[PDB]
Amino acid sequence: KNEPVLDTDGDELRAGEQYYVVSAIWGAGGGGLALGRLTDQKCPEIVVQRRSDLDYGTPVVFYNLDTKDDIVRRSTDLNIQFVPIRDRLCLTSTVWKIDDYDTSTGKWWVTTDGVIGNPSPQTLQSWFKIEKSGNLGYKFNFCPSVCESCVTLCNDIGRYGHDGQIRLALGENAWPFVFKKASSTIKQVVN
């Protein structure tokens, strides 16, 4: 029942379709999201942002909580999965999830090896919401409500430098994004 998330063409986002997640702020605001690697723990791959605003990164696909709903809506728990075109460097999943607290940095990082579906305590770390960010794009929000009796973090996602890369983590200042159709989705609006 919530309002649909829109892409840069003004079209409602469709579950199951590929979208680049691109910073709503260009220049020093960077480009799109992608799979990255840390040298101390190369798998699972982490979520990073490309520094070049003309690099849209790797597309993601959204999976709704209600698998019957074709539309991606604001403020509704969903799973997010990178869909790389090239061969896998890691055998962990490319599904986003919130990591365990990192004492070395004070951060709750967005990483991968998440799980699709099965809303439950077991999958709590894999559920994200998309929220409107004022009048400038959207933000990711980790505040799952799939388990009413579970204590959870409830916080927006920002971007933070670590080891020379731009990572995503829970933080006080959300980073805004827009959604751009990947080539496979552009085919869906043309005959």
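Sequential numbering from 1, following the sequence displayed.
*Asks:* Looking only at CA atoms, which has the higher mean B factor in the entry: 148 to 156 or 121 to 129?
*Replies:* Here the higher of the two C-alpha B-factor means belongs to 148 to 156.
*Asks:* Can you tell me whether 111 to 119 has a higher mean C-alpha B factor than 84 to 92 in this record, or the other way round?
*Replies:* Per the deposited B-factors, the answer is 84 to 92.
*Asks:* Looking at the temperature factor on the CA atom of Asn79, which third of the chain's modelled residues does it land in?
*Replies:* Bottom third by C-alpha B-factor.
*Asks:* Would you mind ranking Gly171 by its C-alpha B-factor against the rest of the chain and naming the third, lowest, middle or highest?
*Replies:* It falls in the top third of the chain.
*Asks:* Can you tell me whether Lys139 has a C-alpha B-factor in the lowest, middle or highest third compared with the other modelled residues of the same chain?
*Replies:* According to the entry, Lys139 has a C-alpha B-factor in the chain's lowest third.
*Asks:* Is the Cα B-factor recorded for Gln41 in the lowest, middle or highest third of its chain?
*Replies:* Ranked within chain, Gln41 CA B lands in the highest tercile.
*Asks:* Sorting the chain's modelled residues by C-alpha B-factor, tell me whether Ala28 ends up in the lowest, middle or highest third.
*Replies:* As the PDB entry reports it, the C-alpha B-factor of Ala28 lands in the highest third of its chain.
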